[PDB]
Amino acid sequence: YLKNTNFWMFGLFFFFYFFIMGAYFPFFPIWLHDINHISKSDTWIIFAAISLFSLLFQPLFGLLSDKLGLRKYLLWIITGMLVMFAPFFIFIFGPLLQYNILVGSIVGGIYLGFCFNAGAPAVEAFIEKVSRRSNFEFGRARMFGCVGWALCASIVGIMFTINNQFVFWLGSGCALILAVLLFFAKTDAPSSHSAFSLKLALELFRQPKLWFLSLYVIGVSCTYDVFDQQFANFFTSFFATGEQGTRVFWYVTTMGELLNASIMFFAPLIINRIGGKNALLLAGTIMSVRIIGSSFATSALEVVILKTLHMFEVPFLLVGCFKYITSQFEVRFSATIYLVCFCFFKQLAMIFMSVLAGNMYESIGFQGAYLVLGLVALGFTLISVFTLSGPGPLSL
């Protein structure tokens, strides 16, 4: 949407928030290995803690964020903990991993699980509540995140060889301007039969439409996320010196996310006219094609296209899911099911799926494992067309 004060407030919020995340999440493994000297096999204990506490905070954030509608109480804590970004990585999390590895991963498990693994979707669900009130499209807001994500990647790559810590300090600063935005943003004020309630939220589990939507999450969405976990190593497996392979990967991510933003700009216009479930199916198809495609790749060119292929599914997955959520279910639960049906249950299945696929990486191998993931992702996207209540592809 065009010039509307409340839109620029939260559009810049996504830009500066995912500018925080772009500094750690993409290229996270390179933080623990090349700089902090954790073994390439030890990192599982850290991801486990981050996964454990995100399991915990996601259902919290979902139920909470819905209880207090657009009150802003939740995002102020997050925006508060984000100010800790710099001192956490530099002086706390880092040296606590040179010390006992276990404890150092707990404080990272709780911190990052809170601010990012669970905090990010809570910010997405909140700004989607602002989406329908102040009259604009959610996709036009979240494309800002793809640009900050990219720009931050551009800055960490430039600064990796000189003063990598510089990017963390930016995070804390961004969090402060993230607070300025949150102050001048206008929504319901504090001091707080059609409202939210736990009883009606647990009765929500009994709804079949939830079960099917969940099936899509763990069947075709979770599988896609574990596929991307170790894609960067598989990406470097087509290049000679790794620091070349990672350099290319850093180009495709930065540029690709710009391509991802552009697509997200128009995504609302498409997702509006072809339905909600169709965006999930289309995303699920782009997903399945990326897995099965990576199973047969044979040239760096072929694998680069497959990475950029990620940039085409994100807009139809994010803009699409909310557009399927807030139509098949009551809006008053929009933030709760998105946090529990998507993030929590996705996070749940990713526990078993991640260790199961990791055994194939050792047993059969990358592309070979990608073939299995591709079949189940493709497979569950098939039954998804019939299960998901809604129009569907036939409606043309």
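Heads up: residue numbers just count along the shown sequence, starting at 1.
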Can you count the deposited residues that have no coordinates between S192 and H193 and report it as none, 1 to 3, 4 to 9, or 10 or more? 10 or more
Between 269-277 and 295-303, the record assigns the higher mean Cα B factor to 269-277
202-210 versus 281-289 - greater average Cα B-factor per the deposited record: 202-210
Residue set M350, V340, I38, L64, per-entry CA B-factor max assigned to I38
Maximum C-alpha temperature factor, selected from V252, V103, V83, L151: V103
Taking only the Cα B-factors deposited for this chain, tell me whether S354 sits in the lowest, middle or highest third. lowest
Just say lowest, middle or highest third for the CA B-factor of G256 relative to the other modelled residues in its chain. middle
Among the modelled residues of its chain, does the C-alpha B-factor of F57 lie in the lowest, middle or highest third? lowest
Quick check for you: using the entry's CA B-factors within this chain, is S197 in the lowest, middle or highest third? highest
Considering every modelled residue of the chain and its Cα B-factor in the PDB entry, is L112 in the lowest, middle or highest third? lowest
